[PDB]
Number of protein chains: 2
Amino acid sequence: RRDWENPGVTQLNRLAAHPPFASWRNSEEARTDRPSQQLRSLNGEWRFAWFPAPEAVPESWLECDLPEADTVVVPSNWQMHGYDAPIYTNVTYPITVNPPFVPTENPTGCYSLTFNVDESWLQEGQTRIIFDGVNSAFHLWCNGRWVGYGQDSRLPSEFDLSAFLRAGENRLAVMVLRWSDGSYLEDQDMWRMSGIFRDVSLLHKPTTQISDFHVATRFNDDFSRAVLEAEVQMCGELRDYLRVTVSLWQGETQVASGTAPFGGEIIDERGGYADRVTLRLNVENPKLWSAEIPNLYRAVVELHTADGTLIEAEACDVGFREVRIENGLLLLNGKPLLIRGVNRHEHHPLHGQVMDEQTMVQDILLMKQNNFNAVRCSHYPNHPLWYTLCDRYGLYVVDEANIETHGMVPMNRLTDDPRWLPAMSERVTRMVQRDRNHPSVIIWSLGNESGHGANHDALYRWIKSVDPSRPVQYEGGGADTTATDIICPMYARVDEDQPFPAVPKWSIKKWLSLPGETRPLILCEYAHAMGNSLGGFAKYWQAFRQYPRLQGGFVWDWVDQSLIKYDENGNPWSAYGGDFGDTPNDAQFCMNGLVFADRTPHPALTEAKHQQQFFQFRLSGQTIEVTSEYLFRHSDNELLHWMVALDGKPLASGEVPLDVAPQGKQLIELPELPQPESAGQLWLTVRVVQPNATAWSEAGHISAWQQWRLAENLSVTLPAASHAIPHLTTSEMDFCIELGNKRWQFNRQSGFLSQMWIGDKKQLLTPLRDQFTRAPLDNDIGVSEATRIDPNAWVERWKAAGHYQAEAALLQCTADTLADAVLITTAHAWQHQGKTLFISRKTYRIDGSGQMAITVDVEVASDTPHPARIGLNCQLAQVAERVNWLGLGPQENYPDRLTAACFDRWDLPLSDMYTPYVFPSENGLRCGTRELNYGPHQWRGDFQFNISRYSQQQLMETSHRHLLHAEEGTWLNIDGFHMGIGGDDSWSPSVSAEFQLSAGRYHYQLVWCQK
Amino acid sequence: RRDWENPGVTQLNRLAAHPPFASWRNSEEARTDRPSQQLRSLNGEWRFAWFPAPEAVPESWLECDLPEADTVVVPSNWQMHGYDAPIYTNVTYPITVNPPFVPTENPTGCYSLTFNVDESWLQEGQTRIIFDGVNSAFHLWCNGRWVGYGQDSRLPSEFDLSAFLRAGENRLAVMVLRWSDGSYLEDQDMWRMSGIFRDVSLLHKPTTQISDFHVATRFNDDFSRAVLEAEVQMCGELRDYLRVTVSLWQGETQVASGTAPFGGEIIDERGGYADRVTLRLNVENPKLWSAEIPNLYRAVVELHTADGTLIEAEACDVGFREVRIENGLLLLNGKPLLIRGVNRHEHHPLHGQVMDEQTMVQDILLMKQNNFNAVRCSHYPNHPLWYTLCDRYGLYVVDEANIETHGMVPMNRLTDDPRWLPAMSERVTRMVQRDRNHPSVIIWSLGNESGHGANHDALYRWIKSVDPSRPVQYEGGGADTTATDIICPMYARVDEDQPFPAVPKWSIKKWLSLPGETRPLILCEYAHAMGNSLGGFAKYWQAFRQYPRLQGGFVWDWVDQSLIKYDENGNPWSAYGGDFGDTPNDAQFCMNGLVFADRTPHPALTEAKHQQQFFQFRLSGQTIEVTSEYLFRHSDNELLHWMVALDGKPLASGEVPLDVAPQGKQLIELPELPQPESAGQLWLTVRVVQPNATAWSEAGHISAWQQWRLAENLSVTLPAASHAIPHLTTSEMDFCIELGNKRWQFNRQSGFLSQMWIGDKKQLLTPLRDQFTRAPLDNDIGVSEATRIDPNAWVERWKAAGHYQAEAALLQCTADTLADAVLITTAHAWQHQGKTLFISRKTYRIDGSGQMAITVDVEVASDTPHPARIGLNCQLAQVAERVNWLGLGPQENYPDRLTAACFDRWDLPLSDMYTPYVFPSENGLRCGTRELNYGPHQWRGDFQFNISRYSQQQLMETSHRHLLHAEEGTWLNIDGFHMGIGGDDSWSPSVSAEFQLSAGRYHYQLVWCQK
Ligand SMILES: [Mg+2]
Ligand SMILES: [Mg+2]
Ligand SMILES: [Mg+2]
Ligand SMILES: [Mg+2]
Ligand SMILES: [Mg+2]
Ligand SMILES: [Mg+2]
Ligand code: NA
Ligand code: NA
Ligand code: NA
Ligand code: NA
Ligand code: NA
Ligand code: NA
Ligand code: NA
């Protein structure tokens, strides 16, 4: 039969799901979580062969190794070994939508391994094999004999091999199918790969075994008393001498223990479970678990005899915590949580979707290091090790079932179909059966983007019945259906409603008070970090903090799903949709992370970190008020550093330790600060530093900061009188001003400064001209698919209006000789099809000091789309190594994403003034700059700017960052005003009104000089 | 693969479930529900071959018929043809509890059929086959080619045969397995049969078709306006020219009609169902549907081109009614229901589990004629025609999923197992998709006796989601779990609690008000009608009428599940558990009905009819108050017949028209009644008569009655003085009294009247002795499983105390000659192992009138189990044809079951005084009798009695009624007192206290004379 084309058959001869087992045969080894000789890893080099379809697989393969097969490493995704192309499609299914059928051309991966077992495993006991991850379906053979079949690429499939094992060499044969009916439930926006991408192992258990166990913790009103209730289930022959003992450990101390024979209480007219027993342990003043302080206990479950003989032991870490929704609030150990989360896929630039401990630890450290306290398993059960790390490092987790049918029409066609309830149910139930003992998991999720069907309600209720300890949520069908305890929309904006029919996305503040609504609101997804994004991020946090029931959300998302390819020379580059011949494909939509595929941060990460700080500050006079947003921990590893500076010049500082309790305040009085009479603005910058290193951070780690303007003393002194006076030389074609060894040349035909000289060295490679456009950011383009011409998108509106093709018509270009300077006045009008888009009026004043004062006043037609920017740009001949400036920095910041930037004197290498977004666009800008220094140049004013070796044009025409070439000289963009980058989503205009350049008339001035 | 041993595989290539289809190609035919040429019946003579296992089936069977095969009628269960034996087991599974495995020796039934198909059917469209019922799993082949597989013995399985058929002759091959994993979900307390026991048919549908349609009716606050919403789904070629027209008909009048193109409203981000359409029709002052008045409309669903081409039409009967639970009450069209229901199994004594129209109509007419208005489909979806009849005749239906795992341990082992969820959901989901359009179905049931598992919660929620028009109920796990909207216990008693651990059965009155409880309570099972039962029935109805939230229940059950067998003389007799060599079995527990398998009424039926009357009466002086319990109808077919009688002698009578509004009252003043001077008790008897015939009753049908004692005149006149005086003759052995032609002989050794003579003929075959025991009724024995002795059972307490073997010891026997009579005085003590159980003191007075007054005074030890009865018995030499008595009658009646009986002068043939209960026991009693006439004898007093040709001993020793043999003469049992029969359940003592003979001392008198 073709079991991969029948949702009625999701497995064959597969063992029941259960919590992580190791079948320890020694209680001390179990308590310390040390290795168990009964659990073996079969990871390593396997024999692999690729085929176009399962029909092409030679039967001989079942009996012996095919000489054509290659020796590859397992786990792995065969697209990563180059056997075929990984595919990046977002919504549209990778295969023709015709359930339950799949294409006859079904890439088949044939894996095989020769191995042998310990003599004792042949004598007695149950030997089972475990495949943590097989994408997407597979058949299994042992020593030529068929064992079973399994589906669901994200949960373990186990099979009893006891009756197939033989002395000597044994051979596993695994036929993996890329496509199956299960693929209809795995349409997540990500790379479509396949193979055995997760661990493979052998577990040896006794015939009379622990087949399952559940750990629960209930508390009293103040959590000073708890009861640990453990239900243990067994398989095999029941016998009166059998006992179960559950002991609770805190380090090497046993705080509580419980022993009892099998035989549960009576549950109905036929009695109770003779094969189960529930132990109840009293725990006084338990140490509570939270992301803040991940206190953990160790629970050891022993199946032994009444007279002391251990049969086998299983165990897990225990975190005493209560998760409950009360009066509209999500409470953890009685406190309202504020979710600082992120959605994280299991992605690796080299290994594809194969995860490893090192990578997970790296993600967790970066996350906590950037003030995240939660993560969503978008959109499937993760690698088993992820939960252990979260339990221990401290991260709230949303465990999500591997069910996504985004590409269906309507989205709920399958999920509302009773005939898919079985397949759907196993993806939900097997997840809960596997992860329910993990304390880090505080919320169960029924999946992602599958509309809202009756199957969702059925499964919602099942969980509620089986595990009342955790709330259940699901966004599909409107984010507030009868299948979710939490209003969990994706991309709902703060103040703006999006009244979509049927599934509107109300402003989150409004959503809360809709007639009858009482549930808490936590976005399952928000702040789409695709490329230069996260504009308006602070708006979300201001709302989260002011509204009790707005309890945060999970950013989308953690890491760019870009893959690594190599060119002719063997140099690596970041590839995305379509770069593998995969088509249809959705281009760069697979990259929406706060970090690059190699975990290098994007500028946006700093903004998230800043807005997600755990300490709030207020300033009044000499007093700084520090408020703690921690719910449980006291600030026992923090000291406040404060420094006052005048225009970047340090003037005073000092440190004060932080002794603030959760939700508490601390008043800090700053001493008398010297009185600077020197013109300038005084700035106060404070930062919280962690003097001691921790499991997730180094000593000196900065966890928060904030800036304030103190006193400002305006300059009322005039500059030194000009000894000399510049001379003007006229020509029909040019206006030349000369002073000392400096020369300025204004082209009378274009009306632009076309050249400058310091001695005989040219300064410009391209004239200084106005600029009202920018290389479109992913948010300006707006498309979740590589096949959509959207006229509503900003980039499209700018093209239709001719912003990118507007030619500068000169209206006026005059020159006047003044008492101590030359005044050049110009006026241009950018038009397109007889329509004047903008009008620019300027005056250039050059005095005897050699300083060029540029005054600019622009007019923007009210009926033309608001411009991307209002400023000037040119290509300097110069190419220096440093960029020194007095403004917001040191990292890239934009109008609607600069709260994390600080005002000060920054000095960086030129390359750092460039942000390597895989998909090139406007980047590296820095706002609130009062002074910019490059080479012999200095510009003064109050402007925004970016500077690099790439022109706006090149960035605009280049698809991949690796294809960018450094242009001659340096490109400079000085903006008086720049449009917001937005980010609420990346497929519709998202730049908030206050950040759109719509004033109609703009003014800004600059001073250009040398030295 | 052995799919019949895999709960993961419940079907292969089966079509989706849907409501009844006929695929008319003419709307008028659809409207009239006339036969459809596109719907053929394949019922008739098939070829059948029996095998001991599927592996024994020869391959040649697929290609052609087998020589040894026989020609049988289908549908049918092969056990009814004698191929193997039917098994009657209650709780214990008929197979070894080892899921999902069945015995390797699994009886296999090979059915085959060579049928014809017109090429017209193959020229276009889809040709499918439909099996309405295959027990319990099967594989299907058409023309030697494999088609599919299916499970669930109670719901239709459909397969597309389009590509397997050919013009002309075709052959089907159906391999039916008796056992499968599905059997673990079909452990209902009934006969375990198998085969194709329901209709088989062939349906033709065009390629573009109506694949499903839902009809719903919502109303305004007063039901004066309504909206009919019909959602229609299509399959095939979806084009813009497609339309659906739903028209509503009331007879030949089209009341409403709607037409629209396909394309449902937007439901989610991907759009909506382009293959669906919802029609909404307004209906003013709709005629409401109810069991009282089954008003129906006809809905025709036309799939057609916009231009007028009918592709095909489907249809159904529509009942406009709302079913909702509000404030604790179950409401039908806004009024609280009083469920007068009964559980009914699909059983036939000759055909087993095969249902036919005639039988169904017979059950329905009998049920309504006996004031039943509801029925529970215990415990599986019923034959499709059942719902049509209930819709049309008017009966509230509880549709129940085919799920019972009673035999598991604990009962919820499979239902709480997520691995059995798939199999369970299909039994529930496919039931709803098939019957959701029938108005008679008002409640969905999740199954029966399967404990309460998480799977129950998920499916409960599923129904609430797909169909919010009907409450969902389920008794498992305690009758009040989170999986039921109605508290629906089985056998919960009216006042007495039964605090069982985990799943107690509280007194229904108490259950309603337990802290926090608010739901209505309707017993899914109560008043176990096993054998001589229904004692205490009136107690349930008094409560139902007094407590608003006690809304009735379903009696258990309708018809005895006895099967017909024949003796060597070819005569038929009723058989039960074990009568077919079936072992283990539960003998007679399969017979618990109000009627025999041939639908002959048990005496209990009348008690049910009486207590379930729709008119209540109250008497005050000469005014009779009638109160209607009807919720929607006026008494437009009822008249009141009243009659007054003096000890059976009718004095006055008359008719009065009944004009009562629903829930209304009517006062009727009786005319000046006569005032007879003659001694006696005046009795008033009123009967509600239906003058006109109905679809369910004949003219003259009596639907209710009631009696009252009016004025009484105690006889104070002395009997004429006797001329003569009896002569006494003494001897050591006897006391012989003589008067005229009458003689009496009292044995001086036994102390009993050993013989009498009328004229000169003997009158006794056995002496007149005391009796304190009775042939145990099913309720005295109690053992739902013949493999469970029980000391607590009444029969066991009586035996242990020696009630059945105690011998009378003479304490005294004297004779005295009075002035006008002879007085015999006796005393007896019944003992057992030195214990005195009872003491009987009597006096026999024989005067000159030839009469014999017997005075009896009994003492019963307080520490001996209360006696079954306290009276006298003897074997009359006479065998008369008639029995005439003044007292309760005419049918059998006992202390706790005599409310239906009426006091009057009854006269019946001897045979009617015996109730042919299949399992013999005490029977035919009649209480409140003041006079009994049999042959030349007459007995006067105030007693209870039974009279027949069978001795309590024979009844007690015989297992089947056909084994009973008339004894010489007639056995007479005259009781001063008789214990109640009980019936609340048949497996534990249920006779209420007030009906137990515990007074310690009893007195009664009788006068024997020759009339
Ligand atoms: Mg499958
Ligand atoms: Mg998606
Ligand atoms: Mg120990
Ligand atoms: Mg099966
Ligand atoms: Mg049962
Ligand atoms: Mg018409
Ligand atoms: Na909040
Ligand atoms: Na994406
Ligand atoms: Na501190
Ligand atoms: Na670009
Ligand atoms: Na009631
Ligand atoms: Na029964
Ligand atoms: Na009437």
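Calculation rules
Residues numbered from 1 in each chain as written, not as in the entry; some residues may be left out. Chains lettered and ligands numbered in written order. Part of a larger assembly, values for the part shown. Heavy atoms only, no water. Helix = DSSP H or I, 4+ residues; strand = E, 2+ residues; numbered from the N terminus. Rg over C-alpha atoms; globule rule 2.2 N^0.38 Å. Buried < 20%, exposed > 50% of the residue type's maximum accessible area, 1.4 Å probe, protein only. Core = buried A, V, L, I, M, F, W, Y, C linked by side-chain atoms within 4.5 Å. Contact = heavy atoms within 4.5 Å. Domains from an automatic or database assignment. Donors = N, O, S within 2.8 Å, 3.2 Å for Na, K, Ca; no water. Buried area = accessible area lost by both parts, 1.4 Å probe. Salt bridge = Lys/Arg side-chain N within 4 Å of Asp/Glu carboxyl O. Polar contact = N/O pair within 3.5 Å; in protein donor to acceptor, adjacent residues only side chain to side chain. Nonpolar A, V, L, I, M, F, W, Y, C, P; charged D, E, K, R; others polar. Pairing = 2+ DSSP bridges. Axes fitted to C-alpha atoms, helices over the stretch in contact; angles between N-to-C directions. Least-squares fit on C-alpha atoms. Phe/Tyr/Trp six-rings, centres within 6.5 Å; stacked < 30°, edge-to-face > 60°. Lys NZ or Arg CZ within 6 Å of the ring centre and 35° of its normal.

## Comments concerning the overall build of chain A
No. 1: Each helix and strand counted, chain A has 12 helices and 56 strands in total.
No. 2: On C-alpha atoms alone, chain A measures out to a radius of gyration of 33 Å, which is about the 30 Å that the 2.2 N^0.38 rule sets for 1011 residues.
No. 3: With the principal axes as the frame, chain A shows a C-alpha extent of 110 × 70 × 55 Å.
No. 4: Residues counted as buried form 63% of the 1011 residues belonging to chain A.

## Some remarks on the nonpolar core
Considering soluble globular proteins, one finds that nonpolar side chains tend to be buried as a cluster.
No. 1: A:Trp558 and A:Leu594 are the most contacted members of the largest nonpolar core, which totals 174 residues.
No. 2: Once you skip the residues sitting within four places of it in the chain, A:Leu594 turns out to touch A:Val342, A:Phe372, A:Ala529, A:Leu534, A:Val555, A:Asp557, A:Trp558, A:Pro601, A:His602, A:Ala604 and A:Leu605.
No. 3: Counting 57 residues, the second largest nonpolar core, distinct from the first, contains B:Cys813, B:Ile854, B:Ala880 and B:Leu932.

## A look at helix α10 (residues 603-611) of chain B
No. 1: Of all 9 residues that make up α10(B), 9 are buried, and the element is covered over most of its length.
No. 2: For α10(B), the complete set of buried residues consists of B:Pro603, B:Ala604, B:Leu605, B:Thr606, B:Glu607, B:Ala608, B:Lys609, B:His610 and B:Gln611.

## Quick look at the domain arrangement of chain A
No. 1: Domain boundaries assigned for chain A yield domain 1 (1-206), domain 2 (207-321), domain 3 (322-612), domain 4 (613-718) and domain 5 (719-1011).
No. 2: Computed over C-alpha atoms, the centres of domain 1 of chain A and domain 4 of chain A are 55 Å apart.

## Focus on the coordination of the magnesium ion (ligand 5)
All names here are of chain B.
No. 1: Within the first shell, the magnesium ion (ligand 5) binds the protein through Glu 404 (OE), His 406 (ND1) and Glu 449 (OE), at distances of 2.0 to 2.1 Å.
No. 2: Taken in sequence order, the residues that donate to the magnesium ion (ligand 5) follow the motif E-x1-H-x42-E. You can see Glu 404 sitting in the loop between β28 (396-400) and α6 (421-435) and its partner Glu 449 sitting in the loop between β29 (441-445) and α7 (454-466), a full 45 residues away along the chain. Both residues of the pair, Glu 404 and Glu 449, belong to the buried class.

## Details of the interface of chain B and chain A
No. 1: Listed as interface residues are 53 residues of chain B and, on the opposing side, 53 residues of chain A.
No. 2: Where chain B abuts chain A, roughly 4300 Å² becomes buried across the two surfaces, and 53% of that area is made up of carbon and sulfur atoms.
No. 3: Contact with chain A buries area across many residues of chain B, yet B:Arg1, B:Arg270 and B:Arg461 alone supply 17% of it, more than any other trio.
No. 4: Our count for the chain B to chain A interface comes out at 6 salt bridges.
No. 5: Between A:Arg1 and B:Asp3 there is a salt bridge whose closest N-O contact spans 2.6 Å.
No. 6: The interface formed by chain B and chain A includes 22 residue pairs in polar contact.
No. 7: Taken together, the elements giving at least two residues each to the side of chain B that touches chain A come down to β1 (11-12), α6 and α7 of chain B.
No. 8: If you tally residues by element for the side of chain B that touches chain A, the top one is α7(B), at 8 residues.
No. 9: In terms of residue class, the side of chain B that touches chain A is built from 23 nonpolar, 16 polar and 14 charged.

## Focus: the sheet that holds strand β2 (residues 39-41) of chain A
Two orientations exist for strands paired in a sheet by backbone hydrogen bonds: parallel and antiparallel.
Residue and element names in this part refer to chain A.
No. 1: Reading across the sheet, the 4 strands line up as β2-β13-β7-β10 and stay open at both edges, with antiparallel pairing between neighbours. Strand pairing shows two members of the sheet lacking a second neighbour, β2 and β10 (157-160), which therefore form its edges. Put simply, the sheet's adjacent strands are angled 20° from each other on average, direction ignored.
No. 2: The pairing of strand β7 (residues 126-131) with β10 spans 4 bridges and is antiparallel. Across the sheet, residue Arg 128 finds its bridge partner in β10, namely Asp 160.

## Observations concerning the coordination of the magnesium ion (ligand 1)
All names here are of chain A.
No. 1: Those protein atoms acting as donors to the magnesium ion (ligand 1) are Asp 3 (O), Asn 6 (O), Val 9 (O), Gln 151 (NE2) and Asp 181 (OD), and they sit at 2.2 to 2.5 Å.
No. 2: Counting residues between consecutive donors of the magnesium ion (ligand 1) along the chain gives the motif D-x2-N-x2-V-x141-Q-x29-D. Judged on exposure class, the residue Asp 3 and its partner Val 9 are both buried.

## What about the relation of the copies chain B and chain A?
No. 1: With an RMSD of 0.3 Å, the operation that places chain B on chain A is a rotation of 180° combined with a shift of 0.0 Å along the axis. The transformation just described matches what one would write down for a two-fold rotation axis. When C-alpha positions in chain B are compared against the rotation axis, the closest is assigned to B:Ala458, at 2.0 Å.

## Regarding the side chain of A:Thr359
Residues and elements named next belong to chain A.
No. 1: Tracing the chain through its elements places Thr 359 in helix α3 (residues 357-369).
No. 2: Assessed through its relative accessible area of 7%, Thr 359 is described here as buried.
No. 3: In this structure, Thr 359 is in contact with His 348 and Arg 599, ignoring residues within four places of it in sequence.

## Some points on the sheet that holds strand β40 (residues 680-690) of chain B
All names here are of chain B.
No. 1: Reading across from one edge, β38-β37-β40-β41 is the order of the 4 strands in this open sheet, with antiparallel pairing throughout. Among the strands making up the open sheet, the edge pair consists of β38 (649-657) and β41 (701-713). Sheet twist, expressed as the average angle between the axes of neighbouring strands with direction ignored, equals 15°.
No. 2: Across 10 bridges, β40 lies against β41 in antiparallel orientation. Within β41, the residue paired with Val 686 across the bridge is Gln 706.

## Comments concerning the packing of aromatic side chains
When we look at a pair of aromatic rings, we describe it by the centre distance and by the angle of the planes.
All names here are of chain A.
No. 1: In total, this model carries 77 aromatic pairs over all chains according to the counting rule given.
No. 2: Judged by centre distance (6.0 Å) and plane angle (75°), the rings of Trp 885 and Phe 945 are edge-to-face. Remark: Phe 945 occurs in strand β54 (residues 937-948) and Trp 885 occurs in strand β51 (residues 882-889); sequence separation between them is 60 residues. Both residues of the pair, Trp 885 and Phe 945, count as buried.
No. 3: Among the aromatic residues, those joined into a ring-pair cluster are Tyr 526, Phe 537, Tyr 540, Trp 541 and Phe 544.
No. 4: Positioned above the aromatic ring of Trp 386 is the side chain of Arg 344, whose terminal nitrogen or guanidinium carbon lies 3.8 Å from the ring centre.

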